[PDB]
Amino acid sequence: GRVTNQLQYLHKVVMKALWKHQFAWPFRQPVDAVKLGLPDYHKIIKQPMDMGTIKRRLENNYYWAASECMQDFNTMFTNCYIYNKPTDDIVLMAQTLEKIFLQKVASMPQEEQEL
């Protein structure tokens, strides 16, 4: 991992906006299949992801490039759409957060430079 302009932006602009959002609470920690009573969750979702894990990775300089962090956000949202029923409210919550994610990504610095 390393520090880059784009990773700084993802941490301080993108994660900042998503973490505090009123729909963020289901995504701040890994899906807990015991707490939720979902014994098939890990049979369907093979790469769990959540914002707490992404945030710790940003804090610990785990990522080498901003695209790696973007892929983790994407996996978090895609797992939600794959696992849940189409009409579940969690899908709407993920959609709302993901639209913010994309809006902020559209304004990320263009060329990635190590700091």
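Residues carry their position along the shown sequence, with the first being 1. We call the rigid core the largest set of C-alpha positions that still match within 1.5 Å between the two forms.
Greater C-alpha displacement in 7 other deposited structures of this protein (rigid core superposition, RMS over structures and residues), of 103-111 versus 14-22: 103-111. Stretches 103-111 and 16-24 differ in mean CA B factor, with 103-111 having the higher one. Stretches 34-42 and 69-77 differ in mean C-alpha B factor, with the higher average recorded for 34-42. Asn60 sits in the highest third of its chain by CA B factor, as recorded in the PDB entry. For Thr87, the recorded CA B-factor ranks within the highest third of the chain. Only modelled residues enter the ranking.
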